[PDB]
Amino acid sequence: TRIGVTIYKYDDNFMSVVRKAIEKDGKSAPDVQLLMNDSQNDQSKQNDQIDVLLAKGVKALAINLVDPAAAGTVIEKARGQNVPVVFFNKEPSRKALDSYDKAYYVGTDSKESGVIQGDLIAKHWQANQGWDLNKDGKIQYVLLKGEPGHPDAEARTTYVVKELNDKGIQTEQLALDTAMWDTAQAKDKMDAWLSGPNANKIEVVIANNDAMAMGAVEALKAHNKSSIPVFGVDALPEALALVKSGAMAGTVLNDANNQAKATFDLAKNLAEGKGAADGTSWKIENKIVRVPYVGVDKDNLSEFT
Ligand SMILES: OC[C@H]1O[C@@H](O)[C@H](O)[C@@H](O)[C@@H]1O
Ligand SMILES: [Ca+2]
């Protein structure tokens, strides 16, 4: 069976571990041919790749959109040919999911990573009283946001502060800006914050993902401000190493392996005419499979590395 898969950007670091896990699953299954494509962060690039995949007779499509709003376009191309589409990681509109009977989504509940990240910061702030540099009881922080409009970026930006507040901890946002899920852009942005007027007031660096966290970690050691706690989201192998050295204070596992497994399992099922979850233990709720995030810090780190 031929399954065509598009990854919105191959050098997105979390999409790179998903991509690779998708490939290992496809190679262990002797009756499947996966046709992998890098959309290069361009939705028209992706749109033309879905035409070639359909021209090639694929039986199911697993699509990681560059734009969440291109879902309708992708469904209309798949529909003419009655082909299943499993959208994964960037969530389409509920109404776009509902417009096609064979459209499914594999993701996470975005909200939950922001809540867990807020609980990590609350636990380590209570425990590390010296992180309150100006001794006022409030967290003065900077936030590195992902793509504006992206469901994960927006929920993680909102729910980390809501959770801290809910856990009794008042916050003061010194600065927030997007570095668009990227290491080098977050390095620049942190360097700039550390070269500006409130470099001395920054107590906590909160980032919506690990690639950006790692960028802030190297702007922060360049200014020898290696003592500022940095939190991220995803539990990338490289970030677990920093959590281990203490250069980062915590992460949230974004489970690349089971989301890649669920995408593979539903796309092959649907490609073979079976029910989306047949023979699987995936719980599909309203065409959606949501995999859980897990909080990770020095105390439960041995479960991850
Ligand atoms: O859409 C891609 C993005 O999805 C998020 O869930 C991850 O945390 C990001 O690091 C990733 O780049
Ligand atoms: Ca403070």
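What's counted below: heavy atoms across the whole structure, side chains too, no hydrogens, waters or symmetry copies. Each residue takes its place number in the sequence, starting with 1.
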Undergrad: Out of curiosity, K268 NZ to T263 OG1, how far, rounded to the nearest 0.5 Å?
TA: 15.0 Å
Undergrad: For the atom pair NZ (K111) and NZ (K162), what is the distance rounded to the nearest 0.5 Å?
TA: 7.5 Å
Undergrad: Between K145 and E154, does the salt bridge (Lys or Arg N to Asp or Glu O under 4.0 Å) criterion hold? Intermediate values first, please.
TA: CA-CA 8 Å; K145 183 182 169 72; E154 299 290 336; 3.1 Å; yes
Undergrad: So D38 and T6, side-chain contact (heavy atoms from CB on, under 4.5 Å) or not? Walk me through it.
TA: CA-CA 6 Å; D38 183 2; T6 64; over 6 Å; no
Undergrad: Taking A207's backbone N and O only, do any of them form a donor-acceptor pair with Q117's side chain (distance below 3.5 Å, no angle check)?
TA: yes
Undergrad: Side-chain donor-acceptor pair under 3.5 Å between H223 and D191, yes or no?
TA: yes
Undergrad: Would you say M36 and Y8 are hydrophobically clustered, going by side-chain heavy atoms of ILVMFWY under 4.5 Å?
TA: yes
Undergrad: Between CD1 of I206 and CD1 of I139, what distance do you get to the nearest 0.5 Å?
TA: 6.5 Å
Undergrad: Check the pair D299 / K123 against side-chain contact (heavy atoms from CB on, under 4.5 Å), numbers first and verdict last.
TA: CA-CA 12 Å; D299 312 316; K123 167 185 172 179; 3.2 Å; yes
Undergrad: Is the closest side-chain donor-acceptor distance between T157 and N208 under 3.5 Å?
TA: yes
Undergrad: Do the side-chain N and O atoms of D265 and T280 include a donor-acceptor pair separated by under 3.5 angstrom?
TA: no
Undergrad: So, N128 side chain and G130 main chain: donor-acceptor pair closer than 3.5 Å or not?
TA: no
Undergrad: Measuring from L174:CG to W193:CH2, what's the distance to the nearest 0.5 Å?
TA: 9.5 Å
Undergrad: Main chain of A276, side chain of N269: is a donor-acceptor contact present, judged purely on distance under 3.5 Å?
TA: yes
Undergrad: Please check if the side chain of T158 supplies one atom and the backbone of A155 the other of a donor-acceptor pair under 3.5 Å.
TA: no
Undergrad: Check for a donor-acceptor pair, side chain of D278 on one end and backbone N or O of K274 on the other, with a separation under 3.5 Å.
TA: no
Undergrad: Between the side chains of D12 and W181, does any donor sit under 3.5 Å from an acceptor?
TA: no
Undergrad: Would you check if the side chain of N13 reaches a backbone N or O of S16 as a donor-acceptor pair within less than 3.5 Å?
TA: no
Undergrad: Does any N or O in the side chain of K287 come within less than 3.5 Å of the main-chain N or O of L97, such that one atom is a donor and the other an acceptor?
TA: yes
Undergrad: Can you list, pair by pair, the side-chain donor-acceptor contacts under 3.5 Å of residues 98-109, counting residues two or more places apart and other chains?
TA:
{"residue": "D98", "atom": "OD1", "partner": "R94", "partner atom": "NE", "Å": "3.0"}
{"residue": "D98", "atom": "OD1", "partner": "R94", "partner atom": "NH2", "Å": "2.9"}
{"residue": "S99", "atom": "OG", "partner": "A96", "partner atom": "O", "Å": "2.7"}
{"residue": "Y100", "atom": "OH", "partner": "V83", "partner atom": "N", "Å": "3.3"}
{"residue": "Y100", "atom": "OH", "partner": "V83", "partner atom": "O", "Å": "2.7"}
{"residue": "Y105", "atom": "OH", "partner": "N89", "partner atom": "N", "Å": "3.4"}
{"residue": "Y105", "atom": "OH", "partner": "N89", "partner atom": "O", "Å": "3.2"}
{"residue": "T108", "atom": "OG1", "partner": "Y293", "partner atom": "OH", "Å": "2.8"}

Undergrad: Do the ring planes of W131 and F231 sit parallel (below 30°), tilted (30 to 60°) or perpendicular (above 60°)?
TA: perpendicular
Undergrad: Applying salt bridge (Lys or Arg N to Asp or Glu O under 4.0 Å), run through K77 and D51 and close with a yes or a no.
TA: CA-CA 7 Å; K77 292 180 191 291; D51 296 320; 3.1 Å; yes
Undergrad: With a 3.5 Å cut-off and sequence neighbours excluded, list the donor-acceptor pairs that the side chains of residues 233-241 form with protein atoms.
TA:
{"residue": "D234", "atom": "OD1", "partner": "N254", "partner atom": "ND2", "Å": "3.4"}

Undergrad: For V66, is there any backbone N or O sitting under 3.5 Å from a side-chain donor or acceptor partner on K90?
TA: yes
Undergrad: Indicate whether any N or O donor in one side chain lies under 3.5 Å from an N or O acceptor in the other, for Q40 and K45.
TA: yes
Undergrad: So if you build clusters from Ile, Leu, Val, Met, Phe, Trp, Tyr with side-chain heavy-atom gaps below 4.5 Å, do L53 and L270 land together?
TA: no
Undergrad: Measure the CD-CD distance between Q170 and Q140 for me, rounded to the nearest 0.5 Å.
TA: 10.5 Å
Undergrad: Which value, rounded to the nearest 0.5 Å, describes the distance between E218 atom CD and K187 atom NZ?
TA: 3.5 Å
Undergrad: Check the pair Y141, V161 against side-chain contact (heavy atoms from CB on, under 4.5 Å), reporting the backbone distance first and the verdict last.
TA: CA-CA 10 Å; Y141 65 94; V161 179; 3.4 Å; yes
Undergrad: If we count only N and O atoms by modelled type, under 3.5 Å, do the side chains of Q46 and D42 hold a donor and an acceptor together?
TA: no
Undergrad: Can any side-chain N or O of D132 pair as donor or acceptor with the backbone N or O of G137 at less than 3.5 Å?
TA: yes
Undergrad: State plainly whether one hydrophobic cluster holds both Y10 and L34, where clusters connect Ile, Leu, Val, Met, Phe, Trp and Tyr through side-chain heavy atoms under 4.5 angstrom apart.
TA: yes
Undergrad: Side chains of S39 and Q49: is there a donor and an acceptor less than 3.5 Å apart?
TA: yes
Undergrad: Under the side-chain contact (heavy atoms from CB on, under 4.5 Å) criterion, do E147 and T178 qualify, and how do the steps go?
TA: CA-CA 7 Å; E147 289 160 318; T178 59; over 6 Å; no
Undergrad: Keeping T183 on the side-chain end and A211 on the backbone end, is there a donor-acceptor pair under 3.5 Å?
TA: yes
Undergrad: Find out if a path of hydrophobic residues (ILVMFWY) with successive side-chain heavy-atom gaps under 4.5 Å connects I169 to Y159.
TA: no
